Amino acid sequence: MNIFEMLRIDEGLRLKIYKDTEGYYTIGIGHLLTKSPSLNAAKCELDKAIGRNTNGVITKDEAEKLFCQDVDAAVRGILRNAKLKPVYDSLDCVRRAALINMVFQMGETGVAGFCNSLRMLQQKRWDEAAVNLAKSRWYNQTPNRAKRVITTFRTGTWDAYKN
Ligand SMILES: [Cl-]
Ligand SMILES: [Cl-]
Ligand code: NA
Ligand code: NA
Ligand code: NA
Ligand code: NA
């Protein structure tokens, strides 16, 4: 298991424009296109992202290319953020993937505001952090995914992504 396999489990793979769990136009492995309600706006974003006239459909290779970029962008967003970088730097490789997963799903700004959960993670108070992370809109709206990510923070293992 690694961050790519983990996000592929959590995000799935779809080759045509779909709506994510928040109702927003998306494609591939959780590549958010736009928050605009306009499908035409989403199609412009898609053609721009892929570099061709896609008609709302992409290939697996194209989806994986966007995914490469999006994982990289989540990591760069962590490293540039004054609240997230110290936490990321304090974590082991497996728990770093859990933090990347959160940022991929919710964005840097949202995660960076969880000052209590972040402190508990940096303090390595894993069970406390896990309880605190569940007191979130994130956990309530996507509980199965959040449980997997939280178990990853709690244990430092990939156990929640087996089977
Ligand atoms: Cl555009
Ligand atoms: Cl879920
Ligand atoms: Na939906
Ligand atoms: Na992606
Ligand atoms: Na505490
Ligand atoms: Na603890």
# chains A, B, ... in the order shown; residues from 1 in each chain; ligands from 1

$ residues_near_ligand --ligand "ligand 2" --cutoff "12 Å" --atoms "only C-alpha atoms and all ligand atoms" --output "number ranges by chain"
A: 9-12, 20-22, 105, 137-149

$ select_by_dssp --residues "stretch 124-153 of chain A" --states "helix (DSSP H, G or I)" --output "PDB file with N, CA, C and O atoms, in the first residue's frame"
ATOM      1  N   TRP A 126      -2.073   9.481  19.579  1.00  0.00           N
ATOM      2  CA  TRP A 126      -2.788   8.967  18.412  1.00  0.00           C
ATOM      3  C   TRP A 126      -4.260   8.691  18.691  1.00  0.00           C
ATOM      4  O   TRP A 126      -5.118   8.994  17.855  1.00  0.00           O
ATOM      5  N   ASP A 127      -4.570   8.082  19.836  1.00  0.00           N
ATOM      6  CA  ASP A 127      -5.962   7.779  20.134  1.00  0.00           C
ATOM      7  C   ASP A 127      -6.733   9.073  20.367  1.00  0.00           C
ATOM      8  O   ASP A 127      -7.877   9.216  19.921  1.00  0.00           O
ATOM      9  N   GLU A 128      -6.112  10.038  21.056  1.00  0.00           N
ATOM     10  CA  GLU A 128      -6.757  11.333  21.258  1.00  0.00           C
ATOM     11  C   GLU A 128      -7.001  12.041  19.934  1.00  0.00           C
ATOM     12  O   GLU A 128      -8.083  12.595  19.707  1.00  0.00           O
ATOM     13  N   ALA A 129      -5.999  12.046  19.054  1.00  0.00           N
ATOM     14  CA  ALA A 129      -6.169  12.668  17.749  1.00  0.00           C
ATOM     15  C   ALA A 129      -7.299  12.004  16.982  1.00  0.00           C
ATOM     16  O   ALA A 129      -8.102  12.681  16.329  1.00  0.00           O
ATOM     17  N   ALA A 130      -7.369  10.673  17.035  1.00  0.00           N
ATOM     18  CA  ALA A 130      -8.410   9.952  16.313  1.00  0.00           C
ATOM     19  C   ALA A 130      -9.801  10.336  16.801  1.00  0.00           C
ATOM     20  O   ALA A 130     -10.716  10.536  15.996  1.00  0.00           O
ATOM     21  N   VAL A 131      -9.985  10.437  18.118  1.00  0.00           N
ATOM     22  CA  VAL A 131     -11.274  10.864  18.653  1.00  0.00           C
ATOM     23  C   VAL A 131     -11.584  12.280  18.189  1.00  0.00           C
ATOM     24  O   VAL A 131     -12.710  12.592  17.788  1.00  0.00           O
ATOM     25  N   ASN A 132     -10.577  13.152  18.213  1.00  0.00           N
ATOM     26  CA  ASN A 132     -10.811  14.554  17.896  1.00  0.00           C
ATOM     27  C   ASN A 132     -11.131  14.745  16.414  1.00  0.00           C
ATOM     28  O   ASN A 132     -11.966  15.588  16.053  1.00  0.00           O
ATOM     29  N   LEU A 133     -10.466  13.980  15.543  1.00  0.00           N
ATOM     30  CA  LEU A 133     -10.699  14.091  14.105  1.00  0.00           C
ATOM     31  C   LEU A 133     -12.120  13.704  13.729  1.00  0.00           C
ATOM     32  O   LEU A 133     -12.643  14.178  12.714  1.00  0.00           O
ATOM     33  N   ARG A 137     -17.293  17.723  10.309  1.00  0.00           N
ATOM     34  CA  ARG A 137     -18.196  17.534   9.184  1.00  0.00           C
ATOM     35  C   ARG A 137     -17.679  16.429   8.280  1.00  0.00           C
ATOM     36  O   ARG A 137     -18.446  15.589   7.805  1.00  0.00           O
ATOM     37  N   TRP A 138     -16.365  16.416   8.047  1.00  0.00           N
ATOM     38  CA  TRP A 138     -15.722  15.384   7.239  1.00  0.00           C
ATOM     39  C   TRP A 138     -16.146  13.986   7.658  1.00  0.00           C
ATOM     40  O   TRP A 138     -16.576  13.177   6.829  1.00  0.00           O
ATOM     41  N   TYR A 139     -15.993  13.673   8.942  1.00  0.00           N
ATOM     42  CA  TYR A 139     -16.331  12.343   9.420  1.00  0.00           C
ATOM     43  C   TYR A 139     -17.813  12.056   9.229  1.00  0.00           C
ATOM     44  O   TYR A 139     -18.194  10.973   8.776  1.00  0.00           O
ATOM     45  N   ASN A 140     -18.669  13.025   9.530  1.00  0.00           N
ATOM     46  CA  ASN A 140     -20.099  12.758   9.427  1.00  0.00           C
ATOM     47  C   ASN A 140     -20.549  12.580   7.973  1.00  0.00           C
ATOM     48  O   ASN A 140     -21.465  11.785   7.690  1.00  0.00           O
ATOM     49  N   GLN A 141     -19.955  13.335   7.045  1.00  0.00           N
ATOM     50  CA  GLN A 141     -20.414  13.267   5.661  1.00  0.00           C
ATOM     51  C   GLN A 141     -19.788  12.123   4.879  1.00  0.00           C
ATOM     52  O   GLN A 141     -20.435  11.573   3.985  1.00  0.00           O
ATOM     53  N   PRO A 143     -18.189   9.036   6.423  1.00  0.00           N
ATOM     54  CA  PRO A 143     -17.693   8.305   7.602  1.00  0.00           C
ATOM     55  C   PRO A 143     -16.842   7.095   7.282  1.00  0.00           C
ATOM     56  O   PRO A 143     -15.910   6.799   8.036  1.00  0.00           O
ATOM     57  N   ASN A 144     -17.150   6.343   6.225  1.00  0.00           N
ATOM     58  CA  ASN A 144     -16.342   5.155   5.968  1.00  0.00           C
ATOM     59  C   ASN A 144     -14.935   5.540   5.542  1.00  0.00           C
ATOM     60  O   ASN A 144     -13.951   4.954   6.011  1.00  0.00           O
ATOM     61  N   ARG A 145     -14.817   6.549   4.679  1.00  0.00           N
ATOM     62  CA  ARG A 145     -13.499   7.031   4.293  1.00  0.00           C
ATOM     63  C   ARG A 145     -12.772   7.639   5.482  1.00  0.00           C
ATOM     64  O   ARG A 145     -11.593   7.350   5.719  1.00  0.00           O
ATOM     65  N   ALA A 146     -13.462   8.487   6.245  1.00  0.00           N
ATOM     66  CA  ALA A 146     -12.826   9.116   7.393  1.00  0.00           C
ATOM     67  C   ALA A 146     -12.367   8.070   8.400  1.00  0.00           C
ATOM     68  O   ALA A 146     -11.276   8.189   8.966  1.00  0.00           O
ATOM     69  N   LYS A 147     -13.177   7.031   8.632  1.00  0.00           N
ATOM     70  CA  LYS A 147     -12.735   5.959   9.518  1.00  0.00           C
ATOM     71  C   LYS A 147     -11.446   5.319   9.037  1.00  0.00           C
ATOM     72  O   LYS A 147     -10.573   5.004   9.852  1.00  0.00           O
ATOM     73  N   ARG A 148     -11.314   5.084   7.730  1.00  0.00           N
ATOM     74  CA  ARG A 148     -10.083   4.485   7.220  1.00  0.00           C
ATOM     75  C   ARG A 148      -8.894   5.405   7.437  1.00  0.00           C
ATOM     76  O   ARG A 148      -7.819   4.965   7.865  1.00  0.00           O
ATOM     77  N   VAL A 149      -9.064   6.690   7.130  1.00  0.00           N
ATOM     78  CA  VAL A 149      -7.978   7.649   7.303  1.00  0.00           C
ATOM     79  C   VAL A 149      -7.619   7.781   8.778  1.00  0.00           C
ATOM     80  O   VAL A 149      -6.433   7.805   9.155  1.00  0.00           O
ATOM     81  N   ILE A 150      -8.637   7.857   9.636  1.00  0.00           N
ATOM     82  CA  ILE A 150      -8.393   7.983  11.067  1.00  0.00           C
ATOM     83  C   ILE A 150      -7.686   6.748  11.625  1.00  0.00           C
ATOM     84  O   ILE A 150      -6.773   6.864  12.454  1.00  0.00           O
ATOM     85  N   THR A 151      -8.090   5.551  11.193  1.00  0.00           N
ATOM     86  CA  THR A 151      -7.391   4.345  11.631  1.00  0.00           C
ATOM     87  C   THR A 151      -5.928   4.378  11.214  1.00  0.00           C
ATOM     88  O   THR A 151      -5.048   3.899  11.947  1.00  0.00           O
ATOM     89  N   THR A 152      -5.652   4.943  10.040  1.00  0.00           N
ATOM     90  CA  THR A 152      -4.278   5.088   9.585  1.00  0.00           C
ATOM     91  C   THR A 152      -3.495   6.018  10.510  1.00  0.00           C
ATOM     92  O   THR A 152      -2.367   5.701  10.909  1.00  0.00           O
ATOM     93  N   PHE A 153      -4.091   7.150  10.910  1.00  0.00           N
ATOM     94  CA  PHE A 153      -3.439   8.002  11.909  1.00  0.00           C
ATOM     95  C   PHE A 153      -3.316   7.306  13.263  1.00  0.00           C
ATOM     96  O   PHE A 153      -2.329   7.500  13.981  1.00  0.00           O
TER      97      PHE A 153
END

$ closest_residue --among "A:162, A:66, A:119, A:85" --to "residue A:51" --atoms "only C-alpha atoms"
A:66

$ residues_around --residues "residue A:19" --least-positions-apart "4" --cutoff "10 Å" --atoms "only C-alpha atoms" --output "PyMOL selection string"
chain A and resi 23-27+30+32-33

$ residues_around --residues "residue A:74" --least-positions-apart "3" --cutoff "9 Å" --atoms "only C-alpha atoms" --output "list in words"
residues 69, 70, 71, 77, 78, 79, 100, 101, 102, 103, 104, 107 and 108 of chain A

$ write_last_selection --atoms "N, CA, C and O atoms" --output "compact mmCIF listing (two decimals), in the first residue's frame"
# COMPACT_ATOMS: atom_id res chain seq x y z
N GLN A 69 -0.49 14.48 -10.82
CA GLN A 69 -0.43 15.92 -10.57
C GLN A 69 -1.13 16.29 -9.28
O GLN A 69 -0.65 17.14 -8.51
N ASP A 70 -2.30 15.70 -9.03
CA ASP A 70 -3.11 16.09 -7.89
C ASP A 70 -2.49 15.64 -6.58
O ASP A 70 -2.57 16.35 -5.57
N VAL A 71 -1.88 14.45 -6.55
CA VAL A 71 -1.16 14.02 -5.34
C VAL A 71 0.01 14.95 -5.08
O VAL A 71 0.21 15.41 -3.96
N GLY A 77 1.05 21.65 -1.33
CA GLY A 77 0.22 22.51 -0.50
C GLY A 77 0.49 22.32 0.98
O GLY A 77 0.42 23.28 1.76
N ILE A 78 0.78 21.09 1.39
CA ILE A 78 1.17 20.85 2.77
C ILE A 78 2.49 21.53 3.09
O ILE A 78 2.62 22.22 4.11
N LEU A 79 3.48 21.37 2.21
CA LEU A 79 4.81 21.88 2.49
C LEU A 79 4.86 23.40 2.50
O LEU A 79 5.73 23.97 3.16
N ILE A 100 -1.95 13.57 3.55
CA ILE A 100 -2.12 13.89 2.13
C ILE A 100 -3.53 13.57 1.68
O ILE A 100 -4.14 14.33 0.92
N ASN A 101 -4.07 12.44 2.14
CA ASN A 101 -5.42 12.04 1.76
C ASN A 101 -6.43 13.10 2.18
O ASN A 101 -7.27 13.52 1.38
N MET A 102 -6.34 13.57 3.43
CA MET A 102 -7.22 14.64 3.88
C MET A 102 -7.13 15.87 3.00
O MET A 102 -8.15 16.47 2.64
N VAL A 103 -5.91 16.31 2.70
CA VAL A 103 -5.73 17.53 1.91
C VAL A 103 -6.25 17.33 0.50
O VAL A 103 -6.88 18.23 -0.08
N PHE A 104 -6.03 16.15 -0.07
CA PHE A 104 -6.57 15.84 -1.39
C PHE A 104 -8.09 16.00 -1.40
O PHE A 104 -8.66 16.57 -2.35
N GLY A 107 -8.82 20.00 0.76
CA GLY A 107 -8.03 21.19 0.54
C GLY A 107 -7.19 21.57 1.73
O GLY A 107 -7.48 21.25 2.89
N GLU A 108 -6.13 22.31 1.42
CA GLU A 108 -5.14 22.71 2.41
C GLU A 108 -5.76 23.58 3.50
O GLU A 108 -5.53 23.36 4.70

$ closest_residue --among "A:136, A:37, A:29, A:155" --to "residue A:114" --atoms "only C-alpha atoms"
A:136

$ closest_atom_pairs --of "chain A" --to "ligand 1" --cutoff "10 Å" --atoms "only C-alpha atoms and all ligand atoms" --output "tab-separated table"
residue	atom	partner	partner_atom_place_in_ligand_line	distance
A:33	CA	ligand 1	1 (Cl)	9.6
A:34	CA	ligand 1	1 (Cl)	9.6
A:40	CA	ligand 1	1 (Cl)	9.9
A:41	CA	ligand 1	1 (Cl)	7.1
A:42	CA	ligand 1	1 (Cl)	8.1
A:43	CA	ligand 1	1 (Cl)	8.3
A:44	CA	ligand 1	1 (Cl)	4.8
A:45	CA	ligand 1	1 (Cl)	4.6
A:46	CA	ligand 1	1 (Cl)	7.9
A:47	CA	ligand 1	1 (Cl)	7.9
A:48	CA	ligand 1	1 (Cl)	6.0
A:49	CA	ligand 1	1 (Cl)	8.5

$ write_last_selection --atoms "C-alpha atoms" --output "PDB file, in the first residue's frame"
ATOM      1  CA  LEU A  33     -13.077  20.127 -12.194  1.00  0.00           C
ATOM      2  CA  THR A  34     -15.130  23.017 -10.806  1.00  0.00           C
ATOM      3  CA  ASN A  40     -20.257  23.509 -19.757  1.00  0.00           C
ATOM      4  CA  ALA A  41     -17.906  25.179 -17.270  1.00  0.00           C
ATOM      5  CA  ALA A  42     -16.733  21.728 -16.161  1.00  0.00           C
ATOM      6  CA  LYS A  43     -16.124  20.682 -19.772  1.00  0.00           C
ATOM      7  CA  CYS A  44     -13.918  23.756 -20.350  1.00  0.00           C
ATOM      8  CA  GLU A  45     -11.920  22.860 -17.247  1.00  0.00           C
ATOM      9  CA  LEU A  46     -11.564  19.284 -18.498  1.00  0.00           C
ATOM     10  CA  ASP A  47     -10.375  20.175 -21.993  1.00  0.00           C
ATOM     11  CA  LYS A  48      -7.893  22.641 -20.478  1.00  0.00           C
ATOM     12  CA  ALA A  49      -6.620  20.044 -17.997  1.00  0.00           C
TER      13      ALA A  49
END

$ closest_residue --among "A:122, A:113, A:53, A:95" --to "residue A:154" --atoms "only C-alpha atoms"
A:95

$ select_by_dssp --residues "stretch 14-115 of chain A" --states "strand (DSSP E or B)" --output "number ranges by chain"
A: 14-19, 25-28, 31-32, 57

$ write_last_selection --atoms "C-alpha atoms" --output "PDB file, in the first residue's frame"
ATOM      1  CA  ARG A  14     -14.429   7.069 -13.550  1.00  0.00           C
ATOM      2  CA  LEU A  15     -13.650   8.089 -17.128  1.00  0.00           C
ATOM      3  CA  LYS A  16     -16.663  10.373 -17.683  1.00  0.00           C
ATOM      4  CA  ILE A  17     -17.594  13.540 -15.801  1.00  0.00           C
ATOM      5  CA  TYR A  18     -19.411  12.666 -12.569  1.00  0.00           C
ATOM      6  CA  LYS A  19     -20.541  14.494  -9.453  1.00  0.00           C
ATOM      7  CA  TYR A  25     -18.231  17.980 -11.325  1.00  0.00           C
ATOM      8  CA  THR A  26     -15.235  15.643 -11.162  1.00  0.00           C
ATOM      9  CA  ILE A  27     -13.461  13.095 -13.355  1.00  0.00           C
ATOM     10  CA  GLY A  28     -10.873  10.361 -13.068  1.00  0.00           C
ATOM     11  CA  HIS A  31     -10.079  15.169  -9.956  1.00  0.00           C
ATOM     12  CA  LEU A  32     -12.371  18.079  -9.073  1.00  0.00           C
ATOM     13  CA  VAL A  57     -14.547  11.526 -21.559  1.00  0.00           C
TER      14      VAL A  57
END

$ closest_residue --among "A:56, A:106, A:117, A:62" --to "residue A:83" --atoms "only C-alpha atoms"
A:117

$ closest_residue --among "A:59, A:125, A:135, A:50" --to "ligand 5" --atoms "only C-alpha atoms and all ligand atoms"
A:125

$ decode --residues "stretch 10-55 of chain A" --atoms "N, CA and C atoms" --output "PDB file, in the first residue's frame"
ATOM      1  N   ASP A  10     -10.073   5.215  -2.102  1.00  0.00           N
ATOM      2  CA  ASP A  10     -11.021   6.171  -1.540  1.00  0.00           C
ATOM      3  C   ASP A  10     -11.764   6.967  -2.611  1.00  0.00           C
ATOM      4  N   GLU A  11     -11.156   7.187  -3.777  1.00  0.00           N
ATOM      5  CA  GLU A  11     -11.747   8.052  -4.793  1.00  0.00           C
ATOM      6  C   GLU A  11     -12.376   7.291  -5.947  1.00  0.00           C
ATOM      7  N   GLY A  12     -11.986   6.037  -6.169  1.00  0.00           N
ATOM      8  CA  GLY A  12     -12.463   5.309  -7.328  1.00  0.00           C
ATOM      9  C   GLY A  12     -11.819   5.806  -8.617  1.00  0.00           C
ATOM     10  N   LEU A  13     -12.348   5.313  -9.737  1.00  0.00           N
ATOM     11  CA  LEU A  13     -11.893   5.737 -11.057  1.00  0.00           C
ATOM     12  C   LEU A  13     -13.090   5.762 -11.988  1.00  0.00           C
ATOM     13  N   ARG A  14     -13.357   6.923 -12.579  1.00  0.00           N
ATOM     14  CA  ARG A  14     -14.429   7.069 -13.550  1.00  0.00           C
ATOM     15  C   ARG A  14     -13.911   7.902 -14.712  1.00  0.00           C
ATOM     16  N   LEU A  15     -14.221   7.474 -15.937  1.00  0.00           N
ATOM     17  CA  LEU A  15     -13.650   8.089 -17.128  1.00  0.00           C
ATOM     18  C   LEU A  15     -14.552   9.134 -17.769  1.00  0.00           C
ATOM     19  N   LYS A  16     -15.745   9.348 -17.225  1.00  0.00           N
ATOM     20  CA  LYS A  16     -16.663  10.373 -17.683  1.00  0.00           C
ATOM     21  C   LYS A  16     -16.967  11.302 -16.517  1.00  0.00           C
ATOM     22  N   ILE A  17     -17.288  12.560 -16.838  1.00  0.00           N
ATOM     23  CA  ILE A  17     -17.594  13.540 -15.801  1.00  0.00           C
ATOM     24  C   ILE A  17     -18.682  12.997 -14.886  1.00  0.00           C
ATOM     25  N   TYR A  18     -18.451  13.087 -13.577  1.00  0.00           N
ATOM     26  CA  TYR A  18     -19.411  12.666 -12.569  1.00  0.00           C
ATOM     27  C   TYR A  18     -19.472  13.732 -11.489  1.00  0.00           C
ATOM     28  N   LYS A  19     -20.466  13.626 -10.616  1.00  0.00           N
ATOM     29  CA  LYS A  19     -20.541  14.494  -9.453  1.00  0.00           C
ATOM     30  C   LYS A  19     -19.963  13.787  -8.236  1.00  0.00           C
ATOM     31  N   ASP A  20     -19.101  14.490  -7.506  1.00  0.00           N
ATOM     32  CA  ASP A  20     -18.494  13.945  -6.301  1.00  0.00           C
ATOM     33  C   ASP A  20     -19.511  13.933  -5.164  1.00  0.00           C
ATOM     34  N   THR A  21     -19.038  13.584  -3.965  1.00  0.00           N
ATOM     35  CA  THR A  21     -19.945  13.453  -2.831  1.00  0.00           C
ATOM     36  C   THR A  21     -20.557  14.780  -2.411  1.00  0.00           C
ATOM     37  N   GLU A  22     -19.977  15.903  -2.836  1.00  0.00           N
ATOM     38  CA  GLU A  22     -20.503  17.228  -2.549  1.00  0.00           C
ATOM     39  C   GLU A  22     -21.330  17.775  -3.705  1.00  0.00           C
ATOM     40  N   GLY A  23     -21.522  16.995  -4.765  1.00  0.00           N
ATOM     41  CA  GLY A  23     -22.285  17.438  -5.913  1.00  0.00           C
ATOM     42  C   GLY A  23     -21.502  18.180  -6.977  1.00  0.00           C
ATOM     43  N   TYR A  24     -20.168  18.152  -6.934  1.00  0.00           N
ATOM     44  CA  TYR A  24     -19.331  18.951  -7.823  1.00  0.00           C
ATOM     45  C   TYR A  24     -18.777  18.101  -8.961  1.00  0.00           C
ATOM     46  N   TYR A  25     -18.744  18.687 -10.157  1.00  0.00           N
ATOM     47  CA  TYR A  25     -18.231  17.980 -11.325  1.00  0.00           C
ATOM     48  C   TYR A  25     -16.765  17.604 -11.160  1.00  0.00           C
ATOM     49  N   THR A  26     -16.480  16.334 -11.456  1.00  0.00           N
ATOM     50  CA  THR A  26     -15.235  15.643 -11.162  1.00  0.00           C
ATOM     51  C   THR A  26     -15.002  14.639 -12.284  1.00  0.00           C
ATOM     52  N   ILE A  27     -13.757  14.186 -12.433  1.00  0.00           N
ATOM     53  CA  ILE A  27     -13.461  13.095 -13.355  1.00  0.00           C
ATOM     54  C   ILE A  27     -12.275  12.304 -12.816  1.00  0.00           C
ATOM     55  N   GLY A  28     -12.079  11.112 -13.368  1.00  0.00           N
ATOM     56  CA  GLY A  28     -10.873  10.361 -13.068  1.00  0.00           C
ATOM     57  C   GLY A  28     -10.884   9.811 -11.656  1.00  0.00           C
ATOM     58  N   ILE A  29      -9.758   9.997 -10.967  1.00  0.00           N
ATOM     59  CA  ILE A  29      -9.554   9.550  -9.594  1.00  0.00           C
ATOM     60  C   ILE A  29      -9.767  10.771  -8.703  1.00  0.00           C
ATOM     61  N   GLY A  30     -11.017  11.205  -8.583  1.00  0.00           N
ATOM     62  CA  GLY A  30     -11.315  12.344  -7.736  1.00  0.00           C
ATOM     63  C   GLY A  30     -10.699  13.653  -8.178  1.00  0.00           C
ATOM     64  N   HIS A  31     -10.561  13.876  -9.484  1.00  0.00           N
ATOM     65  CA  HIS A  31     -10.079  15.169  -9.956  1.00  0.00           C
ATOM     66  C   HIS A  31     -11.244  16.150 -10.039  1.00  0.00           C
ATOM     67  N   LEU A  32     -11.331  17.059  -9.069  1.00  0.00           N
ATOM     68  CA  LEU A  32     -12.371  18.079  -9.073  1.00  0.00           C
ATOM     69  C   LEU A  32     -12.156  19.024 -10.247  1.00  0.00           C
ATOM     70  N   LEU A  33     -13.193  19.221 -11.059  1.00  0.00           N
ATOM     71  CA  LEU A  33     -13.077  20.127 -12.194  1.00  0.00           C
ATOM     72  C   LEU A  33     -13.472  21.553 -11.830  1.00  0.00           C
ATOM     73  N   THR A  34     -14.593  21.708 -11.139  1.00  0.00           N
ATOM     74  CA  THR A  34     -15.130  23.017 -10.806  1.00  0.00           C
ATOM     75  C   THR A  34     -16.222  22.844  -9.770  1.00  0.00           C
ATOM     76  N   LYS A  35     -16.453  23.910  -9.011  1.00  0.00           N
ATOM     77  CA  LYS A  35     -17.612  23.994  -8.140  1.00  0.00           C
ATOM     78  C   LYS A  35     -18.794  24.662  -8.825  1.00  0.00           C
ATOM     79  N   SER A  36     -18.614  25.127 -10.058  1.00  0.00           N
ATOM     80  CA  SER A  36     -19.713  25.734 -10.789  1.00  0.00           C
ATOM     81  C   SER A  36     -20.790  24.689 -11.078  1.00  0.00           C
ATOM     82  N   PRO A  37     -22.072  25.053 -10.985  1.00  0.00           N
ATOM     83  CA  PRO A  37     -23.142  24.119 -11.375  1.00  0.00           C
ATOM     84  C   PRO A  37     -23.255  23.906 -12.877  1.00  0.00           C
ATOM     85  N   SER A  38     -22.456  24.601 -13.681  1.00  0.00           N
ATOM     86  CA  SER A  38     -22.533  24.518 -15.133  1.00  0.00           C
ATOM     87  C   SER A  38     -21.681  23.361 -15.640  1.00  0.00           C
ATOM     88  N   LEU A  39     -22.325  22.397 -16.301  1.00  0.00           N
ATOM     89  CA  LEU A  39     -21.571  21.323 -16.933  1.00  0.00           C
ATOM     90  C   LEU A  39     -20.676  21.857 -18.045  1.00  0.00           C
ATOM     91  N   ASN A  40     -21.111  22.911 -18.737  1.00  0.00           N
ATOM     92  CA  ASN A  40     -20.257  23.509 -19.757  1.00  0.00           C
ATOM     93  C   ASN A  40     -18.982  24.070 -19.137  1.00  0.00           C
ATOM     94  N   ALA A  41     -19.096  24.699 -17.962  1.00  0.00           N
ATOM     95  CA  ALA A  41     -17.906  25.179 -17.270  1.00  0.00           C
ATOM     96  C   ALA A  41     -16.979  24.023 -16.927  1.00  0.00           C
ATOM     97  N   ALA A  42     -17.545  22.898 -16.477  1.00  0.00           N
ATOM     98  CA  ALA A  42     -16.733  21.728 -16.161  1.00  0.00           C
ATOM     99  C   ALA A  42     -16.033  21.187 -17.398  1.00  0.00           C
ATOM    100  N   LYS A  43     -16.718  21.202 -18.543  1.00  0.00           N
ATOM    101  CA  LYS A  43     -16.124  20.682 -19.772  1.00  0.00           C
ATOM    102  C   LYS A  43     -14.949  21.533 -20.225  1.00  0.00           C
ATOM    103  N   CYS A  44     -15.044  22.866 -20.050  1.00  0.00           N
ATOM    104  CA  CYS A  44     -13.918  23.756 -20.350  1.00  0.00           C
ATOM    105  C   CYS A  44     -12.732  23.435 -19.455  1.00  0.00           C
ATOM    106  N   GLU A  45     -12.991  23.251 -18.160  1.00  0.00           N
ATOM    107  CA  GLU A  45     -11.920  22.860 -17.247  1.00  0.00           C
ATOM    108  C   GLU A  45     -11.277  21.555 -17.687  1.00  0.00           C
ATOM    109  N   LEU A  46     -12.089  20.591 -18.120  1.00  0.00           N
ATOM    110  CA  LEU A  46     -11.564  19.284 -18.498  1.00  0.00           C
ATOM    111  C   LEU A  46     -10.678  19.376 -19.730  1.00  0.00           C
ATOM    112  N   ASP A  47     -11.166  20.039 -20.778  1.00  0.00           N
ATOM    113  CA  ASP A  47     -10.375  20.175 -21.993  1.00  0.00           C
ATOM    114  C   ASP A  47      -9.063  20.895 -21.713  1.00  0.00           C
ATOM    115  N   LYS A  48      -9.100  21.914 -20.854  1.00  0.00           N
ATOM    116  CA  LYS A  48      -7.893  22.641 -20.478  1.00  0.00           C
ATOM    117  C   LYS A  48      -6.927  21.743 -19.717  1.00  0.00           C
ATOM    118  N   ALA A  49      -7.454  20.914 -18.815  1.00  0.00           N
ATOM    119  CA  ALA A  49      -6.620  20.044 -17.997  1.00  0.00           C
ATOM    120  C   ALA A  49      -5.960  18.950 -18.824  1.00  0.00           C
ATOM    121  N   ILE A  50      -6.669  18.421 -19.819  1.00  0.00           N
ATOM    122  CA  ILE A  50      -6.163  17.324 -20.640  1.00  0.00           C
ATOM    123  C   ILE A  50      -5.388  17.826 -21.858  1.00  0.00           C
ATOM    124  N   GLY A  51      -5.706  19.020 -22.351  1.00  0.00           N
ATOM    125  CA  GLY A  51      -5.043  19.553 -23.525  1.00  0.00           C
ATOM    126  C   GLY A  51      -5.632  19.124 -24.849  1.00  0.00           C
ATOM    127  N   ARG A  52      -6.901  18.743 -24.879  1.00  0.00           N
ATOM    128  CA  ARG A  52      -7.571  18.372 -26.114  1.00  0.00           C
ATOM    129  C   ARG A  52      -9.068  18.512 -25.892  1.00  0.00           C
ATOM    130  N   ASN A  53      -9.820  18.386 -26.979  1.00  0.00           N
ATOM    131  CA  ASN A  53     -11.278  18.422 -26.924  1.00  0.00           C
ATOM    132  C   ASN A  53     -11.750  17.028 -26.519  1.00  0.00           C
ATOM    133  N   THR A  54     -12.141  16.870 -25.253  1.00  0.00           N
ATOM    134  CA  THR A  54     -12.437  15.548 -24.706  1.00  0.00           C
ATOM    135  C   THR A  54     -13.896  15.133 -24.810  1.00  0.00           C
ATOM    136  N   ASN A  55     -14.826  16.075 -24.975  1.00  0.00           N
ATOM    137  CA  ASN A  55     -16.250  15.741 -24.988  1.00  0.00           C
ATOM    138  C   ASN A  55     -16.696  15.096 -23.671  1.00  0.00           C
TER     139      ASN A  55
END
